[PDB]
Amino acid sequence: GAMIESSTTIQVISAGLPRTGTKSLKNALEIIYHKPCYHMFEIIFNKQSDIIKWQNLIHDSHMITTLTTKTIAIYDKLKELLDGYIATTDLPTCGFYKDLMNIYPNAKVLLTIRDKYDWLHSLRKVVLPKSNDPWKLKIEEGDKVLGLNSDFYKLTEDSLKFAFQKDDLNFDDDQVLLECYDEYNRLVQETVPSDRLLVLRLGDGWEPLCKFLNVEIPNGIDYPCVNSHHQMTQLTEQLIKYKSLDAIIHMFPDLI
């Protein structure tokens, strides 16, 4: 197909929850658009100063009405955070999908989904281990190597609670999490006009995504398959062993 000059503004809003293929999708959108896509990895590796800005935004977000003066202030901060990016995926952004749709009226919406039990299992190994899981101590040790402190964990928890619209949340309760998951995904498909939504099940690959976005399938490039919990476990253990990211980053080419 012909090469056309794409606008550097949010073109795709992904509502999918963490551990549903968001990093592969991030990589895929960057392969298509040749501009950055927002993701929790963007915060961790490139923009840790954003952490307090997202935390502030979530704090102020109860005061959003579907427009109040207070809404415009929030929308302005969201636009600021996302300047220069062509898409959003993952926490903390995914819970803001309705507001992003208002801010970027010409952006299309994605929902990444998968088997709820596979999701929970993945979440417990990477994002939200149970309190008494010994692996939690390893995650915390590796996170310190990355410069991540208590504020980072607060942002993760608060952004999840925001996505699920819960004032609080027993993170150690599998049944609660499974029910939030199903309710979240249900609500997205009820809220977004079907014309503006594409639901992507893990494994779907390039084809429905590229059709939805009116772009050619990238020539000779397989759809990304990254960020497995097995790989994240290896990253954690290597961070602990070497005590720096730059010592090991050559070992994790497409993940980081």
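When you see a residue number, it is the position in the sequence shown, counting from 1.
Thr69, present in the displayed chain, carries coordinates in each of the other PDB entries compared that cover both sides of it, far from a third leaving it out. Deposited sequence between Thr66 and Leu67: 1 to 3 residues lack coordinates.
Note on 220-228 vs 56-64: mean CA B-factor is higher in 56-64. If you average the C-alpha B-factors over 112-120 and over 165-173, the higher value belongs to 165-173.
Among the modelled residues of its chain, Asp50 has a C-alpha B-factor that falls in the middle third according to the deposited record.
Ranked against the other modelled residues of its chain, the C-alpha B-factor of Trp206 as given in the entry falls in the highest third.
Placement of the Cα temperature factor of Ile86 within the chain: lowest third of the modelled residues, per the deposited record. Among all modelled residues in this chain, the alpha-carbon of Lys23 has a temperature factor (C-alpha) in the lowest third. In this PDB entry, the Cα temperature factor of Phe152 sits in the bottom third of its chain's modelled residues, the lowest group.
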